[PDB]
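Next up, query.cif (mmCIF, N, CA and C atoms):
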data_coords
#
loop_
_atom_site.label_atom_id
_atom_site.label_comp_id
_atom_site.auth_asym_id
_atom_site.auth_seq_id
_atom_site.Cartn_x
_atom_site.Cartn_y
_atom_site.Cartn_z
N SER A 1 -15.08 -5.03 -0.35
CA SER A 1 -14.97 -6.42 0.18
C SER A 1 -13.99 -7.23 -0.66
N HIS A 2 -13.66 -8.43 -0.17
CA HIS A 2 -12.68 -9.28 -0.83
C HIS A 2 -12.77 -10.67 -0.20
N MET A 3 -12.13 -11.63 -0.86
CA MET A 3 -12.00 -12.97 -0.30
C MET A 3 -10.79 -12.99 0.64
N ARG A 4 -11.01 -13.45 1.87
CA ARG A 4 -10.00 -13.31 2.92
C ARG A 4 -8.65 -13.86 2.48
N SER A 5 -8.64 -15.09 1.96
CA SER A 5 -7.38 -15.78 1.72
C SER A 5 -6.58 -15.17 0.58
N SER A 6 -7.18 -14.32 -0.25
CA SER A 6 -6.48 -13.79 -1.41
C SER A 6 -5.60 -12.58 -1.08
N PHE A 7 -5.70 -12.01 0.12
CA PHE A 7 -4.87 -10.89 0.54
C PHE A 7 -4.22 -11.26 1.87
N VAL A 8 -2.90 -11.39 1.86
CA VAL A 8 -2.13 -11.92 2.99
C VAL A 8 -1.18 -10.83 3.46
N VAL A 9 -1.27 -10.48 4.74
CA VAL A 9 -0.34 -9.54 5.36
C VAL A 9 0.77 -10.35 6.00
N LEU A 10 1.96 -10.32 5.41
CA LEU A 10 3.09 -11.06 5.94
C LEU A 10 3.66 -10.35 7.16
N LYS A 11 4.03 -11.13 8.17
CA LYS A 11 4.53 -10.58 9.43
C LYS A 11 5.97 -10.95 9.75
N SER A 12 6.52 -11.99 9.12
CA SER A 12 7.88 -12.42 9.41
C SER A 12 8.60 -12.73 8.11
N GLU A 13 9.93 -12.77 8.19
CA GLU A 13 10.73 -13.15 7.03
C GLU A 13 10.46 -14.59 6.64
N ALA A 14 10.21 -15.47 7.61
CA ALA A 14 9.86 -16.85 7.30
C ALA A 14 8.59 -16.91 6.46
N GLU A 15 7.59 -16.09 6.81
CA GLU A 15 6.37 -16.04 6.02
C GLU A 15 6.66 -15.55 4.60
N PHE A 16 7.50 -14.52 4.47
CA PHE A 16 7.84 -14.03 3.14
C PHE A 16 8.55 -15.10 2.32
N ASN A 17 9.51 -15.80 2.94
CA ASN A 17 10.21 -16.87 2.23
C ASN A 17 9.24 -17.94 1.77
N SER A 18 8.25 -18.28 2.60
CA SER A 18 7.24 -19.25 2.20
C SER A 18 6.45 -18.75 1.00
N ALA A 19 6.00 -17.49 1.04
CA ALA A 19 5.22 -16.94 -0.06
C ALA A 19 6.03 -16.89 -1.35
N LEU A 20 7.31 -16.52 -1.26
CA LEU A 20 8.12 -16.46 -2.47
C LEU A 20 8.37 -17.85 -3.05
N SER A 21 8.47 -18.87 -2.19
CA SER A 21 8.61 -20.23 -2.70
C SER A 21 7.33 -20.68 -3.40
N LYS A 22 6.17 -20.28 -2.88
CA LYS A 22 4.91 -20.55 -3.58
C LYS A 22 4.91 -19.93 -4.97
N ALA A 23 5.44 -18.70 -5.09
CA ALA A 23 5.43 -17.98 -6.35
C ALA A 23 6.47 -18.50 -7.33
N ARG A 24 7.57 -19.06 -6.83
CA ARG A 24 8.62 -19.56 -7.71
C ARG A 24 8.49 -21.07 -7.88
N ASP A 25 8.92 -21.84 -6.89
CA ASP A 25 8.88 -23.30 -7.01
C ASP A 25 7.45 -23.79 -7.23
N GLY A 26 6.48 -23.22 -6.51
CA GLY A 26 5.11 -23.69 -6.63
C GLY A 26 4.41 -23.23 -7.88
N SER A 27 4.98 -22.24 -8.57
CA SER A 27 4.42 -21.70 -9.81
C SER A 27 3.03 -21.12 -9.61
N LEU A 28 2.74 -20.63 -8.41
CA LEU A 28 1.41 -20.09 -8.14
C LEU A 28 1.33 -18.62 -8.56
N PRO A 29 0.19 -18.18 -9.10
CA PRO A 29 0.06 -16.76 -9.48
C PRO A 29 0.04 -15.88 -8.24
N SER A 30 0.99 -14.96 -8.15
CA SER A 30 1.29 -14.26 -6.91
C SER A 30 1.67 -12.83 -7.21
N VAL A 31 1.22 -11.91 -6.36
CA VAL A 31 1.58 -10.51 -6.43
C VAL A 31 2.17 -10.12 -5.09
N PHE A 32 3.30 -9.42 -5.11
CA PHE A 32 3.94 -8.90 -3.91
C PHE A 32 3.80 -7.39 -3.92
N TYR A 33 3.21 -6.86 -2.85
CA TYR A 33 2.90 -5.45 -2.70
C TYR A 33 3.82 -4.91 -1.61
N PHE A 34 4.89 -4.23 -2.03
CA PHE A 34 5.87 -3.66 -1.12
C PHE A 34 5.43 -2.26 -0.73
N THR A 35 5.29 -2.03 0.57
CA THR A 35 4.74 -0.79 1.08
C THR A 35 5.43 -0.47 2.40
N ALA A 36 5.03 0.64 3.01
CA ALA A 36 5.56 1.03 4.31
C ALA A 36 4.50 1.85 5.02
N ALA A 37 4.45 1.70 6.35
CA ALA A 37 3.48 2.44 7.13
C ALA A 37 3.66 3.95 6.98
N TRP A 38 4.90 4.39 6.77
CA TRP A 38 5.19 5.81 6.63
C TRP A 38 4.95 6.35 5.23
N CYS A 39 4.46 5.52 4.31
CA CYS A 39 4.21 5.92 2.93
C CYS A 39 2.71 6.12 2.76
N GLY A 40 2.28 7.38 2.76
CA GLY A 40 0.88 7.71 2.60
C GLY A 40 0.32 7.31 1.25
N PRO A 41 0.97 7.77 0.17
CA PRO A 41 0.48 7.42 -1.17
C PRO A 41 0.36 5.93 -1.41
N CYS A 42 1.21 5.13 -0.76
CA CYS A 42 1.12 3.68 -0.89
C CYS A 42 -0.28 3.17 -0.59
N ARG A 43 -1.00 3.84 0.32
CA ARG A 43 -2.31 3.35 0.74
C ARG A 43 -3.35 3.45 -0.37
N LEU A 44 -3.08 4.22 -1.43
CA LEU A 44 -4.01 4.26 -2.56
C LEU A 44 -4.12 2.91 -3.26
N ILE A 45 -3.12 2.04 -3.11
CA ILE A 45 -3.07 0.82 -3.90
C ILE A 45 -3.91 -0.29 -3.27
N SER A 46 -3.89 -0.40 -1.94
CA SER A 46 -4.56 -1.51 -1.27
C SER A 46 -6.03 -1.65 -1.65
N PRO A 47 -6.84 -0.60 -1.66
CA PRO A 47 -8.25 -0.77 -2.04
C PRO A 47 -8.42 -1.32 -3.45
N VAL A 48 -7.54 -0.94 -4.37
CA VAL A 48 -7.64 -1.43 -5.74
C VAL A 48 -7.26 -2.90 -5.81
N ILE A 49 -6.21 -3.31 -5.09
CA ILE A 49 -5.87 -4.73 -5.01
C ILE A 49 -7.08 -5.54 -4.57
N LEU A 50 -7.72 -5.11 -3.49
CA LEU A 50 -8.86 -5.87 -2.97
C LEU A 50 -9.99 -5.92 -3.98
N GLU A 51 -10.25 -4.80 -4.65
CA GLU A 51 -11.29 -4.77 -5.67
C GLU A 51 -11.01 -5.77 -6.78
N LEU A 52 -9.75 -5.85 -7.22
CA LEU A 52 -9.40 -6.71 -8.34
C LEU A 52 -9.33 -8.18 -7.96
N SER A 53 -9.16 -8.50 -6.68
CA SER A 53 -9.02 -9.89 -6.29
C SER A 53 -10.23 -10.71 -6.71
N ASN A 54 -11.41 -10.09 -6.75
CA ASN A 54 -12.62 -10.81 -7.16
C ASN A 54 -12.57 -11.18 -8.63
N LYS A 55 -11.89 -10.37 -9.45
CA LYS A 55 -11.81 -10.65 -10.88
C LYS A 55 -10.78 -11.73 -11.20
N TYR A 56 -9.78 -11.91 -10.35
CA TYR A 56 -8.69 -12.85 -10.60
C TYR A 56 -8.51 -13.73 -9.36
N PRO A 57 -9.46 -14.64 -9.12
CA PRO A 57 -9.48 -15.36 -7.83
C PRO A 57 -8.32 -16.32 -7.63
N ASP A 58 -7.66 -16.77 -8.70
CA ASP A 58 -6.50 -17.63 -8.54
C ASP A 58 -5.29 -16.90 -7.97
N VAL A 59 -5.26 -15.58 -8.06
CA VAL A 59 -4.11 -14.80 -7.62
C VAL A 59 -4.17 -14.59 -6.11
N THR A 60 -3.02 -14.74 -5.45
CA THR A 60 -2.85 -14.33 -4.06
C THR A 60 -1.90 -13.14 -4.03
N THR A 61 -2.30 -12.09 -3.32
CA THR A 61 -1.49 -10.89 -3.16
C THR A 61 -0.96 -10.82 -1.73
N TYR A 62 0.33 -10.56 -1.61
CA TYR A 62 1.03 -10.51 -0.33
C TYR A 62 1.46 -9.08 -0.07
N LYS A 63 1.02 -8.53 1.07
CA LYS A 63 1.44 -7.21 1.51
C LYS A 63 2.73 -7.35 2.31
N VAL A 64 3.76 -6.63 1.88
CA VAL A 64 5.09 -6.67 2.49
C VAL A 64 5.37 -5.28 3.03
N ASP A 65 5.13 -5.06 4.32
CA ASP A 65 5.47 -3.80 4.97
C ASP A 65 6.95 -3.84 5.32
N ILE A 66 7.76 -3.08 4.58
CA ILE A 66 9.21 -3.13 4.77
C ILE A 66 9.65 -2.52 6.08
N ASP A 67 8.73 -1.87 6.81
CA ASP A 67 9.01 -1.32 8.13
C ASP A 67 8.73 -2.33 9.24
N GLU A 68 8.39 -3.57 8.89
CA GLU A 68 8.15 -4.62 9.86
C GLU A 68 9.44 -5.36 10.18
N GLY A 69 9.51 -5.91 11.39
CA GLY A 69 10.67 -6.66 11.81
C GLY A 69 10.96 -7.84 10.91
N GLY A 70 12.17 -7.88 10.37
CA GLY A 70 12.60 -8.96 9.49
C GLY A 70 12.26 -8.75 8.03
N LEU A 71 11.05 -8.27 7.75
CA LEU A 71 10.65 -8.04 6.36
C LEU A 71 11.52 -7.01 5.66
N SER A 72 12.39 -6.31 6.40
CA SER A 72 13.34 -5.40 5.76
C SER A 72 14.28 -6.13 4.81
N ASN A 73 14.42 -7.45 4.96
CA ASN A 73 15.28 -8.24 4.09
C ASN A 73 14.59 -8.65 2.80
N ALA A 74 13.29 -8.38 2.66
CA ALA A 74 12.58 -8.77 1.44
C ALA A 74 12.98 -7.89 0.26
N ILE A 75 13.23 -6.60 0.51
CA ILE A 75 13.60 -5.71 -0.58
C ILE A 75 14.92 -6.13 -1.21
N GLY A 76 15.79 -6.78 -0.44
CA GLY A 76 17.02 -7.29 -1.00
C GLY A 76 16.80 -8.54 -1.84
N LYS A 77 15.86 -9.39 -1.42
CA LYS A 77 15.64 -10.65 -2.13
C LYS A 77 14.98 -10.43 -3.49
N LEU A 78 14.17 -9.38 -3.64
CA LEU A 78 13.47 -9.12 -4.89
C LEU A 78 13.88 -7.80 -5.53
N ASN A 79 14.98 -7.19 -5.08
CA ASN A 79 15.55 -6.01 -5.73
C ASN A 79 14.54 -4.85 -5.75
N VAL A 80 14.07 -4.49 -4.56
CA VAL A 80 13.11 -3.41 -4.37
C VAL A 80 13.85 -2.22 -3.78
N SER A 81 13.61 -1.03 -4.34
CA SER A 81 14.29 0.17 -3.89
C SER A 81 13.36 1.38 -3.81
N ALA A 82 12.05 1.17 -3.90
CA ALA A 82 11.07 2.25 -3.80
C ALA A 82 9.76 1.66 -3.30
N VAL A 83 8.95 2.50 -2.68
CA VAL A 83 7.60 2.12 -2.30
C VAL A 83 6.62 3.13 -2.89
N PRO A 84 5.46 2.69 -3.38
CA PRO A 84 5.07 1.28 -3.51
C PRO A 84 5.77 0.61 -4.69
N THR A 85 6.04 -0.68 -4.56
CA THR A 85 6.45 -1.52 -5.68
C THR A 85 5.54 -2.74 -5.70
N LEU A 86 5.04 -3.08 -6.88
CA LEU A 86 4.27 -4.30 -7.10
C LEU A 86 5.07 -5.22 -8.02
N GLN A 87 5.21 -6.48 -7.63
CA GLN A 87 5.83 -7.48 -8.49
C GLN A 87 4.84 -8.60 -8.73
N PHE A 88 4.77 -9.05 -9.98
CA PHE A 88 3.76 -10.01 -10.44
C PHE A 88 4.47 -11.28 -10.91
N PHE A 89 4.03 -12.42 -10.39
CA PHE A 89 4.59 -13.72 -10.75
C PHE A 89 3.53 -14.57 -11.43
N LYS A 90 3.93 -15.31 -12.46
CA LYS A 90 3.09 -16.32 -13.08
C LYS A 90 4.00 -17.40 -13.67
N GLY A 91 3.54 -18.65 -13.63
CA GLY A 91 4.33 -19.73 -14.20
C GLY A 91 5.68 -19.91 -13.54
N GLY A 92 5.83 -19.46 -12.30
CA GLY A 92 7.06 -19.64 -11.56
C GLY A 92 8.10 -18.56 -11.76
N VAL A 93 7.79 -17.50 -12.52
CA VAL A 93 8.77 -16.47 -12.84
C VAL A 93 8.14 -15.10 -12.68
N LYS A 94 9.00 -14.11 -12.48
CA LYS A 94 8.55 -12.73 -12.41
C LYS A 94 8.15 -12.25 -13.80
N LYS A 95 6.94 -11.72 -13.92
CA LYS A 95 6.39 -11.29 -15.20
C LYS A 95 6.27 -9.79 -15.34
N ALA A 96 6.19 -9.05 -14.24
CA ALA A 96 6.02 -7.61 -14.34
C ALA A 96 6.35 -6.95 -13.01
N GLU A 97 6.62 -5.65 -13.09
CA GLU A 97 6.87 -4.83 -11.92
C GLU A 97 6.33 -3.43 -12.18
N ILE A 98 5.69 -2.85 -11.17
CA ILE A 98 5.22 -1.46 -11.22
C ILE A 98 5.82 -0.72 -10.04
N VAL A 99 6.68 0.25 -10.33
CA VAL A 99 7.33 1.08 -9.32
C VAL A 99 6.57 2.40 -9.23
N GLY A 100 6.20 2.78 -8.02
CA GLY A 100 5.44 3.99 -7.80
C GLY A 100 3.94 3.77 -7.95
N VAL A 101 3.18 4.82 -7.65
CA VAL A 101 1.73 4.76 -7.73
C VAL A 101 1.33 4.84 -9.20
N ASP A 102 0.77 3.75 -9.72
CA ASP A 102 0.28 3.72 -11.10
C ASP A 102 -0.88 2.72 -11.12
N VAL A 103 -2.06 3.22 -10.75
CA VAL A 103 -3.23 2.36 -10.58
C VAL A 103 -3.74 1.89 -11.94
N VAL A 104 -3.74 2.77 -12.94
CA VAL A 104 -4.17 2.36 -14.28
C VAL A 104 -3.35 1.17 -14.75
N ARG A 105 -2.03 1.22 -14.53
CA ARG A 105 -1.17 0.13 -14.98
C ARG A 105 -1.41 -1.13 -14.17
N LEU A 106 -1.66 -0.98 -12.87
CA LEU A 106 -2.00 -2.13 -12.04
C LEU A 106 -3.20 -2.88 -12.61
N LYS A 107 -4.27 -2.15 -12.93
CA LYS A 107 -5.46 -2.79 -13.49
C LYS A 107 -5.13 -3.47 -14.82
N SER A 108 -4.34 -2.80 -15.67
CA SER A 108 -4.04 -3.34 -16.99
C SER A 108 -3.11 -4.56 -16.90
N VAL A 109 -2.15 -4.53 -15.98
CA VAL A 109 -1.23 -5.66 -15.85
C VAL A 109 -1.95 -6.88 -15.30
N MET A 110 -2.83 -6.69 -14.31
CA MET A 110 -3.59 -7.83 -13.78
C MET A 110 -4.39 -8.51 -14.88
N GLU A 111 -5.07 -7.72 -15.72
CA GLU A 111 -5.84 -8.28 -16.82
C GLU A 111 -4.92 -8.97 -17.83
N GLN A 112 -3.84 -8.30 -18.23
CA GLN A 112 -2.92 -8.88 -19.20
C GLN A 112 -2.38 -10.23 -18.73
N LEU A 113 -2.01 -10.33 -17.45
CA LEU A 113 -1.35 -11.54 -16.97
C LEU A 113 -2.34 -12.63 -16.59
N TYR A 114 -3.46 -12.28 -15.96
CA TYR A 114 -4.25 -13.26 -15.24
C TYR A 114 -5.66 -13.48 -15.78
N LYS A 115 -6.07 -12.76 -16.83
CA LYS A 115 -7.41 -12.96 -17.38
C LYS A 115 -7.60 -14.40 -17.83
#
Could you take the file, read its structure, and then write that structure out as structure tokens?
Amino acid sequence: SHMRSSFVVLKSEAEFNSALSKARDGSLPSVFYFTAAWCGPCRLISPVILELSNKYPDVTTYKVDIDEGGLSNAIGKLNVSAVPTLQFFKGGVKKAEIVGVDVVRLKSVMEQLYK
């Protein structure tokens, strides 16, 4: 289970631009989860994100399916070249990135940044 508002599935580039402005200009604690429907291993990450959302309720995590219409431009805006990629924002700036499946590091980075 999870809190509904803490996990957001973006559907348009306008939605992504809004979320990135929240993470930068708004200085809101934000995680961007870059994935693709055709990436099987990527699906290992989503359950862990939801599990951790309860521990860090101020954080909002955004799922960015790069195979969605328009969202293909998100990988250019944040310099993404592999799936899964997780990017972590705090204080209006990018604080960390995890490329590939690394669940242990995901748990450790969330604690390090947002505890």
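For the pair atom CA of residue A:58 and atom CA of residue A:71, the interatomic distance is 24.7 Å.
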(message) I want to know what sits within 7 Å of stretch 12-16 of chain A, based on only C-alpha atoms, with residues of the same chain fewer than 3 positions away left out; could you give that as a PyMOL selection string?
(response) chain A and resi 19-20+69-71
For this file, the PyMOL selection byres ((chain A and resi 99-110) around 7) selects which residues, as an mmCIF file with N, CA and C atoms, in the frame of the given file?
data_model
loop_
_atom_site.group_PDB
_atom_site.id
_atom_site.type_symbol
_atom_site.label_atom_id
_atom_site.label_comp_id
_atom_site.auth_asym_id
_atom_site.auth_seq_id
_atom_site.Cartn_x
_atom_site.Cartn_y
_atom_site.Cartn_z
ATOM 1 N N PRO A 41 0.970 7.770 0.170
ATOM 2 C CA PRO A 41 0.480 7.420 -1.170
ATOM 3 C C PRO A 41 0.360 5.930 -1.410
ATOM 4 N N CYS A 42 1.210 5.130 -0.760
ATOM 5 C CA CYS A 42 1.120 3.680 -0.890
ATOM 6 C C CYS A 42 -0.280 3.170 -0.590
ATOM 7 N N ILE A 45 -3.120 2.040 -3.110
ATOM 8 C CA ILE A 45 -3.070 0.820 -3.900
ATOM 9 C C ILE A 45 -3.910 -0.290 -3.270
ATOM 10 N N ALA A 82 12.050 1.170 -3.900
ATOM 11 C CA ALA A 82 11.070 2.250 -3.800
ATOM 12 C C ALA A 82 9.760 1.660 -3.300
ATOM 13 N N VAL A 83 8.950 2.500 -2.680
ATOM 14 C CA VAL A 83 7.600 2.120 -2.300
ATOM 15 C C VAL A 83 6.620 3.130 -2.890
ATOM 16 N N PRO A 84 5.460 2.690 -3.380
ATOM 17 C CA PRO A 84 5.070 1.280 -3.510
ATOM 18 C C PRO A 84 5.770 0.610 -4.690
ATOM 19 N N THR A 85 6.040 -0.680 -4.560
ATOM 20 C CA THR A 85 6.450 -1.520 -5.680
ATOM 21 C C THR A 85 5.540 -2.740 -5.700
ATOM 22 N N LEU A 86 5.040 -3.080 -6.880
ATOM 23 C CA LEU A 86 4.270 -4.300 -7.100
ATOM 24 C C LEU A 86 5.070 -5.220 -8.020
ATOM 25 N N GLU A 97 6.620 -5.650 -13.090
ATOM 26 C CA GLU A 97 6.870 -4.830 -11.920
ATOM 27 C C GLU A 97 6.330 -3.430 -12.180
ATOM 28 N N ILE A 98 5.690 -2.850 -11.170
ATOM 29 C CA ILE A 98 5.220 -1.460 -11.220
ATOM 30 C C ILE A 98 5.820 -0.720 -10.040
ATOM 31 N N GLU A 111 -5.070 -7.720 -15.720
ATOM 32 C CA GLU A 111 -5.840 -8.280 -16.820
ATOM 33 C C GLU A 111 -4.920 -8.970 -17.830
ATOM 34 N N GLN A 112 -3.840 -8.300 -18.230
ATOM 35 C CA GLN A 112 -2.920 -8.880 -19.200
ATOM 36 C C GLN A 112 -2.380 -10.230 -18.730
ATOM 37 N N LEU A 113 -2.010 -10.330 -17.450
ATOM 38 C CA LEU A 113 -1.350 -11.540 -16.970
ATOM 39 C C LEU A 113 -2.340 -12.630 -16.590
ATOM 40 N N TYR A 114 -3.460 -12.280 -15.960
ATOM 41 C CA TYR A 114 -4.250 -13.260 -15.240
ATOM 42 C C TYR A 114 -5.660 -13.480 -15.780
ATOM 43 N N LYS A 115 -6.070 -12.760 -16.830
ATOM 44 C CA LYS A 115 -7.410 -12.960 -17.380
ATOM 45 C C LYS A 115 -7.600 -14.400 -17.830
#
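Running DSSP on the backbone and keeping only helix (DSSP H, G or I), the residues of stretch 13-48 of chain A that qualify are residues 13, 14, 15, 16, 17, 18, 19, 20, 21, 22, 23, 41, 42, 43, 44, 45, 46, 47 and 48 of chain A.
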(request) Counting only C-alpha atoms, write as a list in words all protein and nucleic acid residues lying at most 10 Å from (-3.7, -13.5, -1.2) in the file's frame. (result) residues 2, 3, 4, 5, 6, 7, 8, 9, 19, 29, 30, 31, 32, 49, 50, 53, 57, 58, 59, 60, 61, 62 and 63 of chain A
(request) Name the residues in contact with residue A:28 at a cut-off of 8 Å, using only C-alpha atoms, excluding same-chain residues fewer than 2 positions from it; report them as a ChimeraX atom specification. (result) /A:22-24,26,30,59,89-92
(message) Taking the file as I've supplied it (selection: the PyMOL selection byres ((chain A and resi 36) around 5)), which residues are included? Please answer as a PyMOL selection string.
(response) chain A and resi 34-35+37-39+65-67
If DSSP is run on the backbone, what residues of stretch 23-77 of chain A are strand (DSSP E)? A reply as an mmCIF file with N, CA and C atoms, keeping the file's coordinate frame would be ideal.
data_model
loop_
_atom_site.group_PDB
_atom_site.id
_atom_site.type_symbol
_atom_site.label_atom_id
_atom_site.label_comp_id
_atom_site.auth_asym_id
_atom_site.auth_seq_id
_atom_site.Cartn_x
_atom_site.Cartn_y
_atom_site.Cartn_z
ATOM 1 N N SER A 30 0.990 -14.960 -8.150
ATOM 2 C CA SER A 30 1.290 -14.260 -6.910
ATOM 3 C C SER A 30 1.670 -12.830 -7.210
ATOM 4 N N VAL A 31 1.220 -11.910 -6.360
ATOM 5 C CA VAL A 31 1.580 -10.510 -6.430
ATOM 6 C C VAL A 31 2.170 -10.120 -5.090
ATOM 7 N N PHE A 32 3.300 -9.420 -5.110
ATOM 8 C CA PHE A 32 3.940 -8.900 -3.910
ATOM 9 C C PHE A 32 3.800 -7.390 -3.920
ATOM 10 N N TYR A 33 3.210 -6.860 -2.850
ATOM 11 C CA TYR A 33 2.900 -5.450 -2.700
ATOM 12 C C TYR A 33 3.820 -4.910 -1.610
ATOM 13 N N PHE A 34 4.890 -4.230 -2.030
ATOM 14 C CA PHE A 34 5.870 -3.660 -1.120
ATOM 15 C C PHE A 34 5.430 -2.260 -0.730
ATOM 16 N N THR A 35 5.290 -2.030 0.570
ATOM 17 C CA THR A 35 4.740 -0.790 1.080
ATOM 18 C C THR A 35 5.430 -0.470 2.400
ATOM 19 N N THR A 60 -3.020 -14.740 -5.450
ATOM 20 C CA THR A 60 -2.850 -14.330 -4.060
ATOM 21 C C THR A 60 -1.900 -13.140 -4.030
ATOM 22 N N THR A 61 -2.300 -12.090 -3.320
ATOM 23 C CA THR A 61 -1.490 -10.890 -3.160
ATOM 24 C C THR A 61 -0.960 -10.820 -1.730
ATOM 25 N N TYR A 62 0.330 -10.560 -1.610
ATOM 26 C CA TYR A 62 1.030 -10.510 -0.330
ATOM 27 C C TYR A 62 1.460 -9.080 -0.070
ATOM 28 N N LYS A 63 1.020 -8.530 1.070
ATOM 29 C CA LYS A 63 1.440 -7.210 1.510
ATOM 30 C C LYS A 63 2.730 -7.350 2.310
ATOM 31 N N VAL A 64 3.760 -6.630 1.880
ATOM 32 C CA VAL A 64 5.090 -6.670 2.490
ATOM 33 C C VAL A 64 5.370 -5.280 3.030
ATOM 34 N N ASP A 65 5.130 -5.060 4.320
ATOM 35 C CA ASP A 65 5.470 -3.800 4.970
ATOM 36 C C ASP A 65 6.950 -3.840 5.320
#
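The space between atom C of residue A:47 and atom C of residue A:95 spans 20.7 Å.
For the pair atom C of residue A:33 and atom C of residue A:55, the separation is 18.8 Å.
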